[PDB]
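Raw final_33.pdb, PDB, C-alpha atoms:
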```
ATOM      1  CA  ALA A   1      -2.282   3.850  22.579
ATOM      2  CA  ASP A   2       0.320   1.627  20.919
ATOM      3  CA  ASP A   3       3.941   0.554  21.370
ATOM      4  CA  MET A   4       4.827  -0.898  17.967
ATOM      5  CA  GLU A   5       1.454  -1.001  16.212
ATOM      6  CA  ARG A   6       1.664   2.788  15.944
ATOM      7  CA  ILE A   7       4.837   2.311  13.900
ATOM      8  CA  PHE A   8       4.055  -0.897  12.014
ATOM      9  CA  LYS A   9       0.918   0.406  10.301
ATOM     10  CA  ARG A  10       2.891   3.603   9.706
ATOM     11  CA  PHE A  11       5.613   1.910   7.655
ATOM     12  CA  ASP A  12       3.089  -0.540   6.209
ATOM     13  CA  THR A  13       1.872   1.991   3.644
ATOM     14  CA  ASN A  14       3.650   0.587   0.589
ATOM     15  CA  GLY A  15       1.019  -1.773  -0.785
ATOM     16  CA  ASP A  16       2.145  -5.307   0.022
ATOM     17  CA  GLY A  17       2.070  -5.471   3.810
ATOM     18  CA  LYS A  18       5.691  -5.638   4.941
ATOM     19  CA  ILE A  19       7.946  -2.779   6.037
ATOM     20  CA  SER A  20      11.455  -2.010   4.785
ATOM     21  CA  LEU A  21      13.550  -2.543   7.915
ATOM     22  CA  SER A  22      16.388  -0.587   6.306
ATOM     23  CA  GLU A  23      13.993   2.367   6.402
ATOM     24  CA  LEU A  24      12.650   1.619   9.883
ATOM     25  CA  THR A  25      16.000   1.181  11.629
ATOM     26  CA  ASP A  26      16.891   4.558  10.122
ATOM     27  CA  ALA A  27      13.457   6.090  10.692
ATOM     28  CA  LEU A  28      13.682   5.465  14.437
ATOM     29  CA  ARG A  29      16.360   7.828  15.746
ATOM     30  CA  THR A  30      14.795  10.549  13.598
ATOM     31  CA  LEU A  31      11.764  10.220  15.871
ATOM     32  CA  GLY A  32      13.750  10.435  19.094
ATOM     33  CA  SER A  33      14.932   6.858  19.560
ATOM     34  CA  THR A  34      18.426   5.949  20.755
ATOM     35  CA  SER A  35      19.213   2.273  20.181
ATOM     36  CA  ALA A  36      18.691   2.542  16.423
ATOM     37  CA  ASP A  37      22.123   1.138  15.574
ATOM     38  CA  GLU A  38      21.343  -1.892  17.736
ATOM     39  CA  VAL A  39      19.271  -3.174  14.814
ATOM     40  CA  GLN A  40      20.750  -1.058  12.022
ATOM     41  CA  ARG A  41      23.482  -3.701  11.901
ATOM     42  CA  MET A  42      21.369  -6.625  13.110
ATOM     43  CA  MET A  43      18.199  -6.203  11.051
ATOM     44  CA  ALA A  44      19.184  -9.175   8.893
ATOM     45  CA  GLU A  45      20.022 -11.438  11.832
ATOM     46  CA  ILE A  46      16.913 -10.817  13.932
ATOM     47  CA  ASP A  47      14.634 -12.590  11.457
ATOM     48  CA  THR A  48      14.804 -10.950   8.029
ATOM     49  CA  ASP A  49      16.332 -13.446   5.602
ATOM     50  CA  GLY A  50      17.944 -10.623   3.648
ATOM     51  CA  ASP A  51      15.254  -9.227   1.362
ATOM     52  CA  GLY A  52      15.060  -6.133   3.545
ATOM     53  CA  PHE A  53      11.434  -6.297   4.659
ATOM     54  CA  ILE A  54       9.180  -7.856   7.296
ATOM     55  CA  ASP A  55       5.493  -8.769   7.472
ATOM     56  CA  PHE A  56       4.765  -8.748  11.206
ATOM     57  CA  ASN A  57       6.200 -11.786  12.993
ATOM     58  CA  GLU A  58       9.725 -10.759  11.998
ATOM     59  CA  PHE A  59       8.886  -7.160  12.900
ATOM     60  CA  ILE A  60       7.835  -8.037  16.449
ATOM     61  CA  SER A  61      10.872 -10.282  16.896
ATOM     62  CA  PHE A  62      12.910  -7.083  17.166
ATOM     63  CA  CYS A  63      10.258  -5.066  19.000
ATOM     64  CA  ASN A  64      11.196  -6.595  22.356
ATOM     65  CA  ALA A  65      10.069  -3.365  24.019
ATOM     66  CA  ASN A  66      11.875  -4.622  27.121
ATOM     67  CA  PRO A  67      14.284  -1.755  27.909
ATOM     68  CA  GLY A  68      11.700   0.646  26.516
ATOM     69  CA  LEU A  69      12.987   0.931  22.956
ATOM     70  CA  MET A  70       9.491   0.408  21.551
ATOM     71  CA  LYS A  71       7.400   1.098  24.653
ATOM     72  CA  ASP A  72       8.636   4.696  24.636
ATOM     73  CA  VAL A  73       9.071   5.354  20.915
ATOM     74  CA  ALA A  74       5.557   5.134  19.477
ATOM     75  CA  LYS A  75       4.568   8.051  21.709
ATOM     76  CA  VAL A  76       7.732  10.140  21.392
ATOM     77  CA  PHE A  77       6.904  11.990  18.174
TER
END
```

Rewritten as structure tokens:
Amino acid sequence: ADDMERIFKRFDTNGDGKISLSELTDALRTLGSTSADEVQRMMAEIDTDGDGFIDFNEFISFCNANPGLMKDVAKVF
């Protein structure tokens, strides 16, 4: 099982290692999420400097998985 790891490695298929948040924040609701806009407008204030990508540390900074935004999203689809 996995909460965010099931998504991280999923988006981490480019070649470098980071994931385009702009694509993640938009590739969440399409899976069944709900609070996608919560980061869609705060993906550059959570950690990302502005480039539009994240290695891992910056990716987990948003994956609080508190309310169940990530704890119940990697199993949805």

(message) Which residues, named as in the file, does the PyMOL selection byres ((chain A and resi 9-13) around 12) pick out? Answer as a PyMOL selection string.
(response) chain A and resi 2-8+14-28+53-56+59+74

(message) I'd like the residues picked by the PyMOL selection byres ((chain A and resi 69) around 12) written out as JSON, numbers by chain, using the chain letters and numbers from the file.
(response) {"A": [3, 4, 25, 28, 29, 31, 32, 33, 34, 35, 36, 37, 38, 39, 62, 63, 64, 65, 66, 67, 68, 70, 71, 72, 73, 74, 75, 76]}

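Coordinates place CA of residue 77 in chain A at a distance of 23.7 Å from CA of residue 41 in chain A.
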
Starting from the incomplete input, reconstruct N, CA, C and O atoms of range 6-28 of chain A and write that as an mmCIF file, in the coordinates of the input.
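Output file result.cif is given in full below:
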```
data_model
loop_
_atom_site.group_PDB
_atom_site.id
_atom_site.type_symbol
_atom_site.label_atom_id
_atom_site.label_comp_id
_atom_site.auth_asym_id
_atom_site.auth_seq_id
_atom_site.Cartn_x
_atom_site.Cartn_y
_atom_site.Cartn_z
ATOM 1 N N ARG A 6 1.710 1.404 16.400
ATOM 2 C CA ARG A 6 1.664 2.788 15.944
ATOM 3 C C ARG A 6 2.748 3.054 14.902
ATOM 4 O O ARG A 6 2.684 4.038 14.163
ATOM 5 N N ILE A 7 3.740 2.172 14.851
ATOM 6 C CA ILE A 7 4.837 2.311 13.900
ATOM 7 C C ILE A 7 4.679 1.343 12.733
ATOM 8 O O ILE A 7 4.941 1.693 11.582
ATOM 9 N N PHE A 8 4.248 0.123 13.038
ATOM 10 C CA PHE A 8 4.055 -0.897 12.014
ATOM 11 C C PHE A 8 3.139 -0.387 10.905
ATOM 12 O O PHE A 8 3.550 -0.265 9.750
ATOM 13 N N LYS A 9 1.894 -0.091 11.263
ATOM 14 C CA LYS A 9 0.918 0.406 10.301
ATOM 15 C C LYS A 9 1.437 1.655 9.595
ATOM 16 O O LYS A 9 1.047 1.948 8.464
ATOM 17 N N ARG A 10 2.319 2.386 10.268
ATOM 18 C CA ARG A 10 2.891 3.603 9.706
ATOM 19 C C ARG A 10 3.796 3.280 8.520
ATOM 20 O O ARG A 10 3.687 3.893 7.458
ATOM 21 N N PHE A 11 4.689 2.314 8.709
ATOM 22 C CA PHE A 11 5.613 1.910 7.655
ATOM 23 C C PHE A 11 4.921 1.001 6.643
ATOM 24 O O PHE A 11 5.357 0.885 5.498
ATOM 25 N N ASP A 12 3.842 0.359 7.076
ATOM 26 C CA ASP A 12 3.089 -0.540 6.209
ATOM 27 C C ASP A 12 2.130 0.242 5.317
ATOM 28 O O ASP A 12 0.921 0.009 5.331
ATOM 29 N N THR A 13 2.677 1.173 4.541
ATOM 30 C CA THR A 13 1.872 1.991 3.644
ATOM 31 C C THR A 13 2.355 1.869 2.203
ATOM 32 O O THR A 13 2.041 2.707 1.360
ATOM 33 N N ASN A 14 3.122 0.818 1.929
ATOM 34 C CA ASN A 14 3.650 0.587 0.589
ATOM 35 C C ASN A 14 2.571 0.026 -0.331
ATOM 36 O O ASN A 14 2.214 0.641 -1.335
ATOM 37 N N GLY A 15 2.053 -1.148 0.019
ATOM 38 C CA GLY A 15 1.019 -1.773 -0.785
ATOM 39 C C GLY A 15 0.953 -3.272 -0.580
ATOM 40 O O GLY A 15 -0.101 -3.884 -0.758
ATOM 41 N N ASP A 16 2.080 -3.868 -0.206
ATOM 42 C CA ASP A 16 2.145 -5.307 0.022
ATOM 43 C C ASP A 16 1.676 -5.655 1.432
ATOM 44 O O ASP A 16 0.659 -6.324 1.610
ATOM 45 N N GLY A 17 2.425 -5.197 2.430
ATOM 46 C CA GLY A 17 2.070 -5.471 3.810
ATOM 47 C C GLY A 17 3.273 -5.451 4.733
ATOM 48 O O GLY A 17 3.133 -5.275 5.944
ATOM 49 N N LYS A 18 4.458 -5.635 4.162
ATOM 50 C CA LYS A 18 5.691 -5.638 4.941
ATOM 51 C C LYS A 18 6.295 -4.239 5.007
ATOM 52 O O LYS A 18 5.876 -3.336 4.282
ATOM 53 N N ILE A 19 7.283 -4.066 5.879
ATOM 54 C CA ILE A 19 7.946 -2.779 6.037
ATOM 55 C C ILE A 19 9.453 -2.908 5.839
ATOM 56 O O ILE A 19 10.086 -3.813 6.384
ATOM 57 N N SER A 20 10.023 -1.997 5.057
ATOM 58 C CA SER A 20 11.455 -2.010 4.785
ATOM 59 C C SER A 20 12.250 -1.683 6.046
ATOM 60 O O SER A 20 12.390 -0.518 6.421
ATOM 61 N N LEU A 21 12.768 -2.719 6.697
ATOM 62 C CA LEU A 21 13.550 -2.543 7.915
ATOM 63 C C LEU A 21 14.621 -1.474 7.727
ATOM 64 O O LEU A 21 14.796 -0.601 8.576
ATOM 65 N N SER A 22 15.332 -1.547 6.606
ATOM 66 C CA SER A 22 16.388 -0.587 6.306
ATOM 67 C C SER A 22 15.888 0.843 6.491
ATOM 68 O O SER A 22 16.658 1.741 6.834
ATOM 69 N N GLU A 23 14.595 1.046 6.262
ATOM 70 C CA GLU A 23 13.993 2.367 6.402
ATOM 71 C C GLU A 23 13.529 2.604 7.837
ATOM 72 O O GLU A 23 13.542 3.734 8.327
ATOM 73 N N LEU A 24 13.119 1.531 8.504
ATOM 74 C CA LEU A 24 12.650 1.619 9.883
ATOM 75 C C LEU A 24 13.810 1.887 10.836
ATOM 76 O O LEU A 24 13.784 2.844 11.612
ATOM 77 N N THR A 25 14.830 1.037 10.772
ATOM 78 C CA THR A 25 16.000 1.181 11.629
ATOM 79 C C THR A 25 16.603 2.576 11.505
ATOM 80 O O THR A 25 17.264 3.060 12.425
ATOM 81 N N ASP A 26 16.371 3.217 10.365
ATOM 82 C CA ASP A 26 16.891 4.558 10.122
ATOM 83 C C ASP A 26 15.825 5.612 10.406
ATOM 84 O O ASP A 26 16.137 6.788 10.597
ATOM 85 N N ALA A 27 14.568 5.183 10.431
ATOM 86 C CA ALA A 27 13.457 6.090 10.692
ATOM 87 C C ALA A 27 13.050 6.053 12.162
ATOM 88 O O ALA A 27 11.946 6.463 12.522
ATOM 89 N N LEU A 28 13.947 5.558 13.006
ATOM 90 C CA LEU A 28 13.682 5.465 14.437
ATOM 91 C C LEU A 28 14.314 6.635 15.185
ATOM 92 O O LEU A 28 13.622 7.413 15.840
#
```
